[PDB]
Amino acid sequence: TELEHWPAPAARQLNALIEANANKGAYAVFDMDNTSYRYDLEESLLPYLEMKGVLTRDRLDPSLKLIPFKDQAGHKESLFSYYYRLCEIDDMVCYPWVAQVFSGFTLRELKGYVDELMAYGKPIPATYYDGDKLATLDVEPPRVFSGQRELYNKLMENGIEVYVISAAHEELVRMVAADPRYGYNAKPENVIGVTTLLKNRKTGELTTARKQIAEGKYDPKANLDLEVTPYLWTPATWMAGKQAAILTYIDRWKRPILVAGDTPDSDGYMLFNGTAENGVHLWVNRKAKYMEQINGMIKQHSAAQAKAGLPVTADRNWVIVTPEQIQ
């Protein structure tokens, strides 16, 4: 497997990293959304199911009705629009909510919709408030990066285990990352995302994949008909929770030799505190105001590592690509 869809000097650094760390029990960690594929799964699945009439404001779990809807002018606010208004309160409100909003569905159902969104091939209209003006924007469905496909498999082929630490629902991510048809071939147990309690409709037993994996009795098939509930399981895999997730589910002391991300605040803990001393920081640059923010982070952390008497590793081994360079 060749790093064919990669700028040549990135394919260079990455091949060197892989030769240096083949077959040594090393591991690598990837963000999913806008890192391993272009665009975002939850952000397109929400409006896509609203538009099918599958998700509607009145099916919404009452624990998620945090603030009043804004129905000014005989227009009924969409769930998409509401998500944005929560994001204005805070990331910490809106990050869980946009995983929880898919409550009430069985995994089997959600998998069918995920596959429909992946095969869709066309933008999805949504609405939202820009101040008080009702507005329009089109949301793209996920688009698998070919280069990431290549890198995931080439890491696994060289005995470097591959994990996904994503801020989106673990089970939604797993339906992309662990399904052979998308070309990642992640092991399902190595997908780490936001978790909520899964409920048995007949028995009312509550479980989660994380629970079953730690107990060594994980089989993704038997969770198919369980319902996604919104009750949150921790650690929550964003911000420092990404680093928490590495400690809890991967290794307490061995660091990843590669960490891939695209959102500065949310991926920045696993990137700066997580990556091994000589590991690669894989960055996908998709928003020039994020490029400048990450560069500001590299500077400031470099300086703060030094001032605390630590080797300066924050500026080491960046591999920076744009979405178009790996598409």
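Counting begins at 1, following the sequence as shown.
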For the higher mean C-alpha B factor in the entry, choose 272-280 or 54-62. 54-62
Check the entry's C-alpha temperature factors for 70-78 and 250-258, then say which stretch has the higher mean. 70-78
One of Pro141, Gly159, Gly241, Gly193 has the largest Cα B-factor in the entry, namely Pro141
Checking the entry, which one of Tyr231, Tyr184, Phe145, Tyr129 has the top C-alpha B factor? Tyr129
Among the chain's modelled residues, which third holds the C-alpha B-factor of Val29? lowest
Is the Cα B-factor recorded for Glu171 in the lowest, middle or highest third of its chain? lowest
Which third, lowest, middle or highest, does the C-alpha temperature factor of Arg210 belong to within its own chain? lowest
Quick check for you: using the entry's CA B-factors within this chain, is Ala99 in the lowest, middle or highest third? lowest
Within this chain's modelled residues, let me know which third the CA B factor of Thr237 belongs to: lowest, middle or highest. lowest
